[PDB]
């Protein structure tokens, strides 16, 4: 809280974090995670069992991914370059079921998004390259991973792209939101 600012997004359980920076670009220090500030913001204890690090080229779009079994919360940020990061609410009975929020996360702005279990997640690289880090509350389970296609016409996500994104074949084959199984 002295370590950073937290802002609830339009889906209020999705939280945008922004660490306080001590120093400048010739030399700085910041807390990228503080369990006390985090658990204050989301309102419950959280354990992170797996951290991931990816590198992707401009226009690469990964998502929209979720797993129903071993449901994962994800705390995500960019340590190189810039992405547009999206969370989609897939929780049964949520008053924001089927809505999305998106934010630009970059190495410069140091912003982070907390995406609770029960959401789908995706991002697109806006810079020449982006390196993307995330802490997750359960282990990735490829046999349980589901996908909703990035350009679903009901979700109507406003991806800040001019050129068509670069997708894996699996993400190109993502389900329509109408057809997607969701969280109990």
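Numbering follows the first chain given and starts at 1.
Subject >> 133 to 141 versus 152 to 160 - greater average Cα B-factor per the deposited record >> reply: Comparing averages over the C-alpha atoms only gives 152 to 160.
Subject >> Which of 38 to 46 and 115 to 123 has higher mean CA B factor, as the PDB entry lists it >> reply: Result of the comparison: 38 to 46.
Original post:
Looking at 74, 92, 77, 104, which has the highest CA B-factor as recorded?
Top reply: Most elevated C-alpha B-factor of the set, per the entry: 92.
Subject >> Assigned third (lowest, middle, highest) for the C-alpha B factor of residue 65 >> reply: Ranked within chain, residue 65 CA B lands in the middle tercile.
Subject >> CA B-factor ranking of residue 33, expressed as a third of its chain >> reply: CA B-factor rank for residue 33: lowest third.
Subject >> residue 166 by Cα B-factor - lowest, middle or highest third of the modelled chain >> reply: For residue 166, the deposited C-alpha B-factor lands in the highest third.
Original post:
Would the CA B-factor of residue 26 place it in the lowest, middle or highest third of its chain?
Top reply: Its C-alpha B-factor, which the entry lists for residue 26, ranks in the highest third among residues of this chain.
**OP:** For residue 15, return the chain-relative third of its C-alpha B-factor as stated in the PDB record: lowest, middle or highest.
**Re:** It falls in the bottom third of the chain.
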